[PDB]
Each structure stands twice: as C-alpha cells, then as structure tokens.
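So the sequence lines, in the order shown, correspond to chains A, S, E and Y. As numbered in the entry's author numbering, residues 999, 1001 to 1226 make up the first sequence, in order. As numbered in the entry's author numbering, residues 999, 1001 to 1226 make up the second sequence, in order. As numbered in the entry's author numbering, residues 999, 1001 to 1226 make up the third sequence, in order. As numbered in the entry's author numbering, residues 999, 1001 to 1226 make up the fourth sequence, in order.
There are 4 protein chains.
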Amino acid sequence: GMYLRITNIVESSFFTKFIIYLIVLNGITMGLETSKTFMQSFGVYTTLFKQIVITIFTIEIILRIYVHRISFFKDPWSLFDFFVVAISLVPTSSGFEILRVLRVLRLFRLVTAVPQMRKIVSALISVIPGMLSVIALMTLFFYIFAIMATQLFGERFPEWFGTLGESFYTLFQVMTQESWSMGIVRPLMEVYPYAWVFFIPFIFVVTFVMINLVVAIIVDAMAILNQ
Amino acid sequence: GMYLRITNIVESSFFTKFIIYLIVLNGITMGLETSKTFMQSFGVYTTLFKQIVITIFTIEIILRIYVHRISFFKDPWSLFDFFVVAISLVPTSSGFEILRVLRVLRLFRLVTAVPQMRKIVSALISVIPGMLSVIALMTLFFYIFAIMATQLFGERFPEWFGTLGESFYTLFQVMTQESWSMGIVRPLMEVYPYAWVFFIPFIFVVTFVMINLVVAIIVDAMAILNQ
Amino acid sequence: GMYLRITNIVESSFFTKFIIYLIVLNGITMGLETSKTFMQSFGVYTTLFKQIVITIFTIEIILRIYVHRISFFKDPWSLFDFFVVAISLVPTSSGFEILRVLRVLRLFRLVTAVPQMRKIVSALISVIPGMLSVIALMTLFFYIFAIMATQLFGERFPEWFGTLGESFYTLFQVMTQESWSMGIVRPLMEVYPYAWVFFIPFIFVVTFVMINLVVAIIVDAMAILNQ
Amino acid sequence: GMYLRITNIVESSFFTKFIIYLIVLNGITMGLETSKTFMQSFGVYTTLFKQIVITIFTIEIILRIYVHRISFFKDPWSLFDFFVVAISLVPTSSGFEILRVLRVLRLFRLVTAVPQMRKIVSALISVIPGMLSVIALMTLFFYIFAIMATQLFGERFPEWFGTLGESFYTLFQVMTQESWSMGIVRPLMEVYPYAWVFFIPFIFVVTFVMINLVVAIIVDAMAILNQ
Ligand SMILES: CCCCCCCCCCCCCC(=O)OC[C@H](COP(=O)(O)OCC[N+](C)(C)C)OC(=O)CCCCCCCCCCCCC
Ligand SMILES: CCCCCCCCCCCCCC(=O)OC[C@H](COP(=O)(O)OCC[N+](C)(C)C)OC(=O)CCCCCCCCCCCCC
Ligand SMILES: CCCCCCCCCCCCCC(=O)OC[C@H](COP(=O)(O)OCC[N+](C)(C)C)OC(=O)CCCCCCCCCCCCC
Ligand SMILES: CCCCCCCCCCCCCC(=O)OC[C@H](COP(=O)(O)OCC[N+](C)(C)C)OC(=O)CCCCCCCCCCCCC
Ligand SMILES: CCCCCCCCCCCCCC(=O)OC[C@H](COP(=O)(O)OCC[N+](C)(C)C)OC(=O)CCCCCCCCCCCCC
Ligand SMILES: CCCCCCCCCCCCCC(=O)OC[C@H](COP(=O)(O)OCC[N+](C)(C)C)OC(=O)CCCCCCCCCCCCC
Ligand SMILES: CCCCCCCCCCCCCC(=O)OC[C@H](COP(=O)(O)OCC[N+](C)(C)C)OC(=O)CCCCCCCCCCCCC
Ligand SMILES: CCCCCCCCCCCCCC(=O)OC[C@H](COP(=O)(O)OCC[N+](C)(C)C)OC(=O)CCCCCCCCCCCCC
Ligand SMILES: CCCCCCCCCCCCO[C@@H]1O[C@H](CO)[C@@H](O[C@H]2O[C@H](CO)[C@@H](O)[C@H](O)[C@H]2O)[C@H](O)[C@H]1O
Ligand SMILES: CCCCCCCCCCCCO[C@@H]1O[C@H](CO)[C@@H](O[C@H]2O[C@H](CO)[C@@H](O)[C@H](O)[C@H]2O)[C@H](O)[C@H]1O
Ligand SMILES: [Ca+2]
Ligand SMILES: [Ca+2]
Ligand SMILES: [Ca+2]
Ligand SMILES: [Ca+2]
Ligand SMILES: [Ca+2]
C-alpha cells in the first residue's frame, strides 16, 4: 500500500520506545493501586489512565497484526503480547477476580519489548530442553512416592498424605527440605517409628538427581565454549 | 527352534510398546485406587484389571527369560524388571502391607522399558562410582559424630541423641541444616551452653565436604568433554 | 615542592602499614566497647583512643587528598576511605544513633588498605556486571508477584501480603525457601486452598533463574581460562 | 642395626593391615558401648579389649617413632596418629569427661592408615589454601555485622544479639538461612520495623560471597585439567 508508512512507523524505534514508556507508566500505576489511600485520593485519574493505555495497546496490537499477519501468530513474543492484551481487554466485571489479578502479567510486555530482556529470557528457555529427560524421570519418581506415601500415611495423617495431591505437596516440601523433619518426619515417627526409611532415601535420591541436573545445565553451557 | 518367531516377537517393537501401554494404564489405575470414592464405584473393574495385567507381565517375563536365559539374570534392567514382577506376584493377603506398598515400584518398569529413561538413569548411576571415596569418608565422619553426640547429649536429650541411631538422624538433620539451631542447638544450649563447639564445626566440615563432592561430580563430567 | 618528601612518606610502606596497625587496634577497641563491664572499667582510655585515632585518620586523609588531589575523588577505594572517615567525623551526639552504628564500617578500611583484600573485593565486583540482565529480569518478576500476591492475600492476610512491601518481603522469604510452606503457604490454604498455584510456580521460576545465574557466573569465569 | 627387621616389619603390609583391623574392631566396640544394656552384659570384655588395643597402639607408635624419628614429628598423618594415641593414653578418670568424648577421634586413624582415605582427605585440604582470601574477607564481614547487630538489637533482644558472641551465632544462623525470618527478623520487626535493612543486605552479601567462593573452588579444580 500508507502500508509502507505504517510499517515504517510500527517498525520505527519511537513506536516501540513509546509503548515501553507506556508499559513503565502502567507498572507504576499498578503499583500505586494497591494503596487504599492513594485509591481514595486519585482513584479516578489512574482508572482513566488504565483505560487510555489499554486502548493504545489494543490499537498497537491491531497495527502489529496488520503489518505482518502470518508471523504475528507464529511468533512467541508477539503471541504472548497479544494474549496479555486480550486478557485485560475483557472488562474487570465481565470476568472473575482472578482475571483482574492476571492483568498484572501485562508488565511482562516489558520483557517482550526490551531486547536485552528478550535475549536473557530466551537464554533460559534455551536451557530448558536438555532438562526434559530428568524432569520426566523425576515426575515419575514423585508420582510413585506420592502414591506410596498416601497409602502409607494418609489415614493417621490425612492432613499431609490423605490424598494423592496432598502427598505430592508434602513430598515437594520435603524435597525443598523445608521443615522436613521437625515438621513432617518426626511427628510421623510419633506413630510410625520407621518413617525415616521412606523419607531419608527419598531425600537422598531427590537431592542427588537435583545436583546432577544442575551439573548437566553447566556442561551443556560449557560445551558451546570449548568448541 | 517358532523360537525365531517368539524371539522376533519379544524383540519386536510392538511387544515392548504394548507392555509400555500396559505400564501406563496400570500407573493410572494405581493412582485412582487411592480415591476411596472411586474405590466404592469401580473397585472391581480396577482389581480385575490389576489381575489381568499381572498375568500379562508374568507371561511376558517368562518369554523374556526363555529367549535369552543367560543374559536375563546378568542384566540389571531385566533383573529389576523380574524382581518387581515377582514382588507383586505374591498375593496381597499372602504378604505384609509393606509388600502392597512396594507393588507401586512396578511403575519404574516404565524407566526400564523407555530407552531415553534408561539412558538418563544409567547416566546417574555412572556418576556414582567416583563419589565412593567421599561417601566412605563422610559415613565414617557421621559415625564418629553420632558416637560423640550420643555420649554428650543423650541423657539430658534422649529424644534426639539418646541412641546411636537417634544421633545419626539428628546429625543428618543438622547436615541438611533444617531447624539446626532454633530446633536443636539452641534448646541444647539452654542446658549445655558450649554445644555450638560441637555443631558449628560439624556444619562447616559437612558443608565443605558436600561442596567438594559436587565440584568433583562437575570436573568428572567436564574431563570427558575437554578430551 | 617537601612535596616530594610528603609524597615519599604517604606512598611509603610504613605510613600505610601504620594506619593498618591503627585500623586493627581500632577494630579490637570497637569489639571491646560492646562489653558493658569493660566499659565501666576502661571506658575512658578507649574513648580517648578513638579520638586520637580519628584525628590521625583525618590528617592521613588530608595528606592523601593533597598528594594526588584529582585521583583521590576519582578512585573508589580512597573515595570510600574518605566517606567512612567523614561519617565518623560527625560527633556522636551531632548525629542520630544510626550514625554511631555506621561508624563500625570504618573497619572495612582494612579491606581498602590490604592489597590481597583489594584484589578479592574487586574480583567480586568484577563478577557483578554480567548479572545485571538476570537481576533486572528478577526484580521485575518480584514486582509482578508482589503486586498479584498483595491483591490476592493482603486482606485475609494483612500481616504478610497486606502491603506491596510486605509482599516483597514474604516473597523474598519464600524465595530463600525459609518456612515457605508450614509458615506461609499452608496457613494461607486454611482459607484459600489453591494458594499453591501461586507459590509452587513462583518457587520453580525463582529457583531455575537462580541456578542459571550461578551457572552464568561459572561460565564467565571459565571463558577467561580456556582462552 | 634387627633394625632392618623392625623396619621391614613396620613398613610391612601386614603390620598396617593388622592395626587397620584393630581400628575397625575398636570402632565397633565404641559403637556398642553406647548401648546401656550391652554395657550391663559385656561391659568387662569390651573395656579389657579397649585396654589391650590401647597398649598395642602405643607400642605401635613407639616402633613407628623409632624407625624414622625425624620424619614422624614432621609428618601430618603420623603427627595426628600420635596425638590421638596420646589423648586416649591419659586414663579416663585422669581427665575431664570431654577427654573421653575426644577418644572417639581415634577412629580417624582409619583415615590415616587407609591410603584411598589419605588421598581424598589431602585433596580437600589442598582445596583449602585458595579459599583464604575470601575466608578472611568474610570473617571481617561477620565481625563488623556482629558488632553493629549487637549495638543495634542486643538490649531489646539480649537472647540473640546481647553479646558479640551471641550476635556472631545469630548472624551465622541467618547466613545458613535457618529460620532467618519467622525466627529472627520478623520478631525483631515487632519492635524495630526497619530491621530488614540490616538483614536483607546481609543475606545478599553473604550469599553472593558464598556462591563466588564455590565457583572459585571449581575453576581452581578445572585449570589443572585444561592444562
Ligand atoms: C521494579 C521494582 C522497582 C522497585 C519497586 C518499589 C516497590 C516499593 C514498595 C514499598 C511501598 C509500600 C510501603 C508502604 O508503607 O506503603 C503503604 C501503601 C499501602 O498502605 P496505605 O494504603 O498507604 O495505608 C492505608 C491506611 N488506611 C487503611 C488506614 C486507610 O503501599 C504503597 O504506598 C505503595 C507505594 C507504591 C510503590 C510503587 C513503586 C513502583 C516502582 C517502579 C516499578 C516500575 C517498573 C515497570
Ligand atoms: C517441562 C517444564 C518444567 C515443568 C516441570 C514441573 C513438573 C511438575 C509436575 C506436577 C504434577 C503434579 C500436579 C498435581 O498432581 O497436583 C496435585 C496438588 C494439588 O492438590 P489438591 O488436591 O488440588 O488440593 C486441594 C485440597 N483439597 C482437595 C483438600 C480441598 O498440587 C501439588 O502438590 C504440586 C506440588 C509440586 C509437585 C512437584 C512434582 C515433581 C516435579 C519435579 C520437578 C523437577 C525437579 C527436579
Ligand atoms: C506422572 C505424573 C502425572 C501427573 C499426576 C497427576 C496427579 C493428580 C493428583 C490430584 C488428585 C487428588 C485431588 C483430589 O481432591 O482427589 C480426591 C481423591 C481422593 O479423595 P476422594 O476419595 O475423592 O474423597 C473421599 C470422600 N469421602 C471420604 C467422604 C468418601 O484423589 C483422587 O481423586 C485421585 C485422582 C487420580 C489421579 C490419577 C492421575 C494419574 C496421572 C497419570 C500418571 C501415569 C504415569 C504412568
Ligand atoms: C554408595 C551409595 C550411596 C549411599 C550412601 C549413604 C550412606 C548412608 C549411611 C547410613 C548408615 C547409618 C544407618 C543407621 O545406622 O541407622 C540408624 C537410624 C535408625 O534409627 P532407629 O534407632 O532404628 O529408630 C528406632 C527408634 N526407636 C529405637 C526409639 C524405637 O537411621 C538414620 O539415622 C539414618 C539417617 C541418615 C544417615 C546418613 C549418614 C551419613 C551418610 C553420608 C552420605 C554422604 C553425603 C555426602
Ligand atoms: C575478625 C574476627 C576475629 C575473631 C573475633 C572474636 C570475637 C569474640 C567474641 C566473644 C566475646 C563475647 C563472649 C562473652 O561472654 O563476653 C561478654 C562481653 C559482654 O558481656 P559483659 O559486658 O562481660 O557482661 C555484663 C555483665 N553485667 C551486665 C551484669 C554487668 O562480651 C565481650 O567480652 C567482648 C570481648 C571482646 C572480643 C574482641 C575480639 C576482637 C577480635 C579481633 C578482631 C580485630 C580485627 C580488626
Ligand atoms: C545490582 C546490584 C545487586 C542488587 C540487586 C537487588 C535488588 C533488590 C530489589 C529490591 C526492590 C524492592 C525494595 C522495596 O520495594 O522495599 C519494600 C520492603 C520494605 O517494607 P516496608 O513497607 O518499608 O516496611 C514497613 C512496615 N510498615 C509499613 C508496616 C510499618 O523491603 C523488602 O521487602 C525487600 C525484600 C527483598 C526484595 C528482593 C526483591 C527481588 C530482588 C531480586 C534479586 C536477584 C536474585 C536473583
Ligand atoms: C561406619 C558406619 C557403619 C554403619 C553404622 C551403623 C550404626 C547403627 C546404629 C543403630 C543402633 C541403635 C538402634 C537401637 O535401637 O539400639 C539400642 C541401643 C541403645 O539402647 P539400649 O541400650 O539397647 O536400651 C536400653 C534400655 N534400658 C534403658 C531400659 C535398659 O543402641 C545400640 O544397640 C547400638 C548398636 C551398635 C551399632 C554398632 C554399629 C557399628 C557399625 C560398624 C562401624 C565400624 C567402622 C569402623
Ligand atoms: C581457614 C580454615 C577455615 C576456618 C574458617 C572459619 C572462621 C570462623 C571464625 C569464627 C570467629 C568467631 C569465634 C567467636 O568469636 O566465638 C563467639 C561465639 C561464642 O559464644 P559465647 O559468648 O562463648 O557463648 C556463651 C554464652 N554465654 C556467655 C551467655 C554463657 O561462637 C560463634 O558464634 C561462632 C559462630 C560461627 C561464626 C562464623 C563466623 C564467620 C566465618 C566465615 C566462614 C567463611 C564462610 C564463607
Ligand atoms: C543414591 C544417592 C547417593 C547419595 C549421595 C548423594 C548426596 C546426598 C547428600 C545428602 C543430601 C542432603 O543435602 C543437604 O542439602 C543442604 C542444602 O542446604 C546442603 O547444604 C549445602 O550448602 C552449600 C550452599 O548451597 C552447597 O553448595 C552444598 O552442596 C551443601 O553443602 C547440605 O550440606 C546437604 O547435606
Ligand atoms: C550485592 C550482591 C548482588 C545480589 C545478587 C546475589 C544473588 C543473591 C540471591 C539472593 C539470595 C537468596 O538465596 C536463596 O538461597 C536459596 C537456598 O535454598 C536458593 O535456593 C537454591 O536452590 C538450588 C538448590 O540448591 C540452588 O542450586 C540455587 O542456586 C538456588 O535457587 C534460593 O533460590 C536463593 O534465592
Ligand atoms: Ca533449601
Ligand atoms: Ca537446606
Ligand atoms: Ca532451610
Ligand atoms: Ca535455603
Ligand atoms: Ca540452607
């Protein structure tokens, strides 16, 4: 087509720097809205601000959808950028409260826009694929010990191991090692005195696996450097 | 001998993929049996399912024992695969309850069958042999401090250090650092005010050794790469 | 100018070794002043000692400012060395109590003077610049989860998430993993039973990011060695 | 001189393997003596055993001192081997109870005798010298924050920060992160609401330094391999 003009504006630096400025202003706005006193004083300016920024972001997404239609929905950053826009597009009384809490995720658009942020985030995602083998191992391991722990402690201890889900949680807690013994294992042993046969091996296996996953991360990082 | 036929079926992909499907179905079954309501509704279909799958697995192990007899009992994956089959072969009322909880280990047959899982598990086992020197060091160290801590705190504090085993446990807990001070050392110091001479050095030695073991894992991994 | 004499004294070893000896004597002095009994016995000798050492340090800084004026205020070690001198130069009744507690920082002048200490400290500072990308990521992440957690739990749980700052703190605590579950998440779930959807993902993201930052430190260290 | 005979016996394998067997027998003995029931049954055989083994070890040390006099007291393994022998040589009623608890250290003679154990222990000691710079840094840092924390919280909180030593301990506890917040910082903030300015930076500095020390261990290990 002005199509060259609108694609030289959308891909212009000033357009994306401007929506960056709008993102930062909105983040401060969202920070201030937690103050109940600030919300008694300037509750109207901020909400009108939120409305004007949501409309700007929606037209900005419409333009970005136009200038490169096929890529926009095959590109992860813009896909997410479209989804957080959409989630906050549904009016706050049109959705459940949880939708209004998710609206906060619209600040990650700062990670979307800032290219140093893009670089680092896709670096962490890049780490993820090697870990799949040991994540699959470990979630099978957690499933098995959830099952055994439910069937072993979930009547005398229905608070912690009564369910499969409760056992998943208490096992994750034991894995992070928080309160693993004065909190879970010792009270257990007040009734089942060989409960440490279940948990001490569990601790050993889970910690060994975690260490090895970390070392794995490290060598995958280093191989691209020694080459 | 059909011996070529049965060894072209046992070593066929479909046979092992089928027992993989059976393993997954059984894992979901075992997951559902923890629900007491599901067990009131469909307690019979699942138990008949468990019986038909245990017979399939037992004939599958019999065939696998036949086609390569000598290797089957000199191969770790199949050895374990035989043992978990056997453990759940003993009827649930023929054994103690703990046997029924061990039956859950039959889901690790998924690690046995899936070759990506085999690769990663034998990778972790491969890590293990280098660690033997420092494991032997450390268990001697734990034995010595168990002994000293029992003889030092196990009358005024029989809950935690009254025995050698109780001291082993409380020392392992202090090693994982859980509640090491507000939980153990400080209550101790209410009666023995120099108890930190025992535990602070213990903490230092045990943490230093743990770090060094991890670094050791790392360099053993890296040497095979710089070569 | 004696200017050559005073610059051959300031840059002399004995001058800086002497202020090192004075720094150590002052550190022991500061250690002793916490004893209330020692302060009843020799409260006067130590305070006169503090006054004579502060005057020596102030003239030492005046000389060092003279011999190389332009560099002194463009050099970090001496800049800090000037600032800790100044902070304790304000009389103890001229400032708030917090100023008297900051006076203790005058012992880091030992890190300033000792060159092995300088080497190691600037080594740690040298590590810092690479971490900026992931620190910026993470503080955005903490800001977002502070906001969501305040809006989600800060009425039923005003102690922990009532404010943005309180939520920052409780989230940092959950990040260090201290008491994350028996302390925060479980009491929460007594009222909001899906609170683990908020915290378990938070734990996962924050731990993964921390691991990756550490690995990043490591590879940055190693690249200067494989080269 | 038989001097060749006694030096071909002392340096014989059988002599050192025999004292290894004696060390293991004594370790089991020491383990059994914690049982009060075993001590009612066989309290005499074990004590006579302890006496016969202590005499064997003392003559063994006398022989080892003879065959190479100058080296024995310039060699760390044998020096320690001499000292643990001496500590348990003082009769149990001739010393304080703590001496009888130290007698347990005579089991580390197993690390002294076993050469794989020697290899690994001197490997860990070998790691230690590089860490000196950051240990010296850190103990200065701990001294400074002990001082500030005593002067800041040791009247309203004399249990934890009343002394310099108590503050050292509570700071070490905060460093290991155990109960750092629900245990120390939060109760503090009930009276001093900006106590997190002191501890959150302390946590950050101490953790960063710890990470860097570990990375330092790692690169020192790796440089001897890339060479
Ligand atoms: C990216 C991270 C940057 C750094 C983040 C800084 C966060 C600062 C948090 C500290 C603020 C909270 C402390 C505080 O005491 O504030 C009180 C208010 C809420 O209480 P308030 O409503 O004042 O009290 C009500 C009294 N009542 C019930 C009797 C009527 O709470 C407030 O006043 C909230 C103050 C708003 C802080 C907004 C800071 C935004 C930082 C910029 C981040 C933009 C990144 C895109
Ligand atoms: C590939 C990308 C990375 C992703 C990898 C992470 C994989 C996580 C697997 C989680 C699968 C389990 C999820 C699940 O089954 O949810 C169960 C519970 C929910 O409890 P629930 O019963 O809903 O609570 C309601 C309370 N009620 C009924 C009494 C009213 O919720 C929990 O208990 C969840 C607790 C955490 C589970 C962690 C499981 C092991 C993950 C291993 C991660 C690898 C580390 C090396
Ligand atoms: C490998 C890991 C994959 C992901 C694992 C997913 C785990 C999901 C766990 C969450 C389920 C538990 C949550 C929940 O509230 O369920 C309740 C039931 C038990 O309570 P229920 O019997 O319903 O209540 C009794 C009521 N009474 C006493 C008054 C009669 O508890 C249940 O309903 C159990 C539901 C069965 C979940 C089975 C999921 C299997 C995942 C596939 C793994 C196959 C790998 C080979
Ligand atoms: C080579 C492959 C890797 C394997 C390496 C792991 C080595 C583990 C060594 C364990 C040896 C000690 C086992 C033991 O003596 O059991 C004692 C206690 C059992 O307590 P118990 O007295 O049975 O409780 C009954 C209560 N009662 C009598 C009052 C009714 O049970 C416990 O207290 C066990 C607590 C954990 C002990 C950890 C010992 C140090 C292991 C160092 C691991 C290396 C880390 C760097
Ligand atoms: C760099 C680190 C080196 C190693 C640091 C060593 C730190 C030693 C801390 C242990 C001392 C505290 C233990 C203790 O019980 O001392 C008590 C006094 C305070 O209580 P005190 O005033 O004696 O009791 C009052 C009784 N009343 C209320 C009834 C009248 O508290 C004291 O007596 C304080 C004793 C002063 C220790 C000064 C040590 C300085 C180490 C050298 C560091 C110089 C580096 C530049
Ligand atoms: C580049 C050099 C390295 C530096 C990187 C560190 C960045 C730290 C960012 C901190 C920004 C947040 C500061 C802030 O907003 O302060 C809020 C609270 C203060 O609570 P406040 O409301 O003042 O308490 C008064 C109580 N009242 C009102 C009821 C009377 O104070 C807190 O809650 C602070 C708690 C710690 C916050 C940690 C935030 C995430 C940092 C991520 C660090 C990277 C790790 C991978
Ligand atoms: C290097 C590490 C190897 C593995 C270490 C194995 C450690 C085993 C610890 C578990 C034993 C303790 C469990 C237990 O219930 O034993 C009870 C006794 C003490 O209570 P007891 O005196 O039986 O009860 C008194 C009853 N009363 C007051 C009413 C008269 O406590 C005992 O019976 C103690 C049993 C002695 C265990 C000796 C094991 C030595 C392992 C070999 C290490 C040699 C390395 C050089
Ligand atoms: C080169 C080879 C490696 C060695 C490096 C380790 C360096 C350790 C430095 C320790 C210096 C401080 C020792 C000290 O001053 O002792 C003070 C307290 C003793 O408390 P105390 O006042 O005796 O308790 C009596 C109670 N009373 C008076 C009320 C009846 O006892 C404590 O509080 C000690 C707590 C641990 C202190 C840790 C200090 C920082 C060490 C940094 C280690 C490096 C890690 C990166
Ligand atoms: C079959 C598996 C073989 C068994 C061997 C595997 C090793 C398992 C060790 C036991 C696990 C307990 O794990 C426990 O975790 C805590 C976490 O605070 C460690 O505390 C840690 O401090 C520092 C700082 O992070 C770490 O760098 C270090 O790795 C570790 O010492 C304890 O030192 C460790 O003992
Ligand atoms: C001026 C200094 C610059 C500031 C930057 C330095 C980083 C400091 C991070 C904040 C310190 C809190 O440290 C907190 O320790 C706990 C210990 O369980 C970590 O938990 C850890 O789990 C795994 C398993 O060990 C580690 O490999 C990982 O490094 C870390 O995530 C928390 O994730 C981390 O947040
Ligand atoms: Ca932890
Ligand atoms: Ca821990
Ligand atoms: Ca902990
Ligand atoms: Ca921790
Ligand atoms: Ca810890």
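Beta carbons are placed, not taken as given, at the ideal position from N, Cα and C, and that holds for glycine.
Against chain E, does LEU1131(A) count as a neighbour if the rule is that its beta carbon must be under 8 Å from one of theirs? no
Every unbroken alpha helix (DSSP H) inside the stretch 1112 to 1196 of chain Y [4 residues or more]: Taking only runs of at least 4 residues, the alpha helix (DSSP H) segments lying wholly in the stretch 1112 to 1196 of chain Y are 1114 to 1126, 1131 to 1152, 1157 to 1160, 1163 to 1174 and 1185 to 1188.
Under 8 Å between C-beta atoms, does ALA1222(S) make it to chain Y? Residue contact check for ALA1222(S) against chain Y: a CB pair falls below 8 Å.
At which residues does the alpha helix (DSSP H) containing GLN1050(A) begin and terminate? Counting along the chain, the alpha helix (DSSP H) containing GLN1050(A) begins and ends at 1042 to 1066.
Presumed contact (8 Å Cβ cut-off) between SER1077(A) and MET1181(E), rounded CB distance: About 42 Å separates the two Cβ atoms, so there is no contact after all.
Go ahead and pull the three-state DSSP assignment for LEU1021(E). In the structure shown, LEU1021(E) falls within a helical segment according to DSSP collapsed to helix, strand and coil.
Output needed in chain order: residues of the stretch 1071 to 1085 of chain A with a Cβ under 8 Å from some Cβ in chain E. none
Within the same chain, show all residues whose beta-carbon is closer than 6 Å to that of residue 1000(A), passing over the 5 residues directly before and after it, in chain order. Coordinates for residue 1000(A) are absent; the numbering of chain A skips from 999 straight to 1001.
Is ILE1134(Y) near ligand 8, judged by its Cβ being under 7 Å from some heavy atom? yes
Helix, strand or coil at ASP1074(E) [DSSP, three-state]: coil
Would you report the Cα separation of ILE1055(A) and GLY999(A), rounded to the nearest angstrom? 23 Å
Alpha helix (DSSP H) containing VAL1103(Y): first to last residue? Segment: none, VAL1103(Y) is in no alpha helix (DSSP H) and carries neither H nor E.
Grouping DSSP H, G and I as helix and E and B as strand, with all else coil, what is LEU1088(S)? coil
When you check each C-beta in the stretch 1182 to 1198 of chain S against every C-beta of chain Y, which residues fall closer than 7 Å? Within the stretch 1182 to 1198 of chain S, the residues whose Cβ lies closer than 7 Å to some Cβ of chain Y are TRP1195, listed in chain order.
Taking the Cβ atom as the reference point for each residue, do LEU1021(S) and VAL1043(S) lie within a distance shorter than 8 Å? Cβ atoms of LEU1021(S) and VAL1043(S): not closer than 8 Å.
Within 10 angstroms of the Cβ of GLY1153(E), are there 16 or more other Cβ atoms? Answer buried if so, exposed if not. With 16 or more Cβ atoms within 10 Å of its Cβ, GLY1153(E) is classed as buried.
Applying a beta-carbon distance threshold of less than 9 Å, which residues of chain Y neighbour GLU1177(E)? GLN1176, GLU1177, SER1178, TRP1179, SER1180, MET1181 and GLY1182
Could you give the DSSP three-state label for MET1001(E): helix, strand or coil? coil
Could you work out which residues of chain A lie near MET1029(S), taking near to mean beta carbons separated by less than 7 Å? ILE1146
Could you list which residues in chain E have their beta carbon closer than 9 Å to that of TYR1044(A), in chain order? Simply none; closest approach about 19 Å.
Contact defined as beta carbons within less than 8 Å: I believe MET1221(Y) pairs with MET1221(E). What is the distance between those atoms, to the nearest angstrom? 7 Å
In terms of alpha-carbon separation, which member of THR1149(Y), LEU1106(Y), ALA1215(Y) and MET1137(Y) lies closest to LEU1136(S)? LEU1106(Y)
Residues of its chain near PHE1156(A), where Cβ-Cβ distance is below 7 Å and the 5 sequence neighbours each way are ignored: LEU1187
Taking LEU1139(S) as the reference, which of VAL1113(Y), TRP1159(Y) and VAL1133(Y) has the closest Cα? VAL1113(Y)
7 Å Cβ shell around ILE1064(S) - same chain, five flanking residues per side excluded: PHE1071
Any chain Y beta carbon closer than 8 Å to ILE1217(S): True, the Cβ-Cβ gap to chain Y drops below 8 Å.
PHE1207(Y): beta carbon under 7 Å from a heavy atom of ligand 10? Answer for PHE1207(Y): yes, Cβ within range of ligand 10.
Tell me, to the nearest whole angstrom, how far the beta carbon of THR1033(A) is from that of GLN1172(E); I am working on the premise that it is less than 8 Å. Contact doesn't hold; Cβ gap of about 19 Å is too wide.
Verify whether the separation of the beta carbon atoms of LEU1031(E) and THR1045(E) is less than 8 Å. Yes, these two residues count as a Cβ contact at 8 Å.
Ligand 8 heavy atoms versus the CB of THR1149(A): any closer than 7 Å? Checking the Cβ of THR1149(A) against ligand 8 gives no.
Does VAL1066(A) come within less than 8 Å of chain S when only Cβ atoms are used? No, its Cβ sits nowhere closer than 8 Å to a Cβ of chain S.
Contacts that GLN1172(S) makes with chain A (C-beta to C-beta distance below 7 Å): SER1180
Starting from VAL1100(A), find everything on chain D with Cβ-Cβ shorter than 7 Å and list it in chain order. The chain labelled as chain D is not found among the protein chains of the depicted structure, namely A, S, E and Y.
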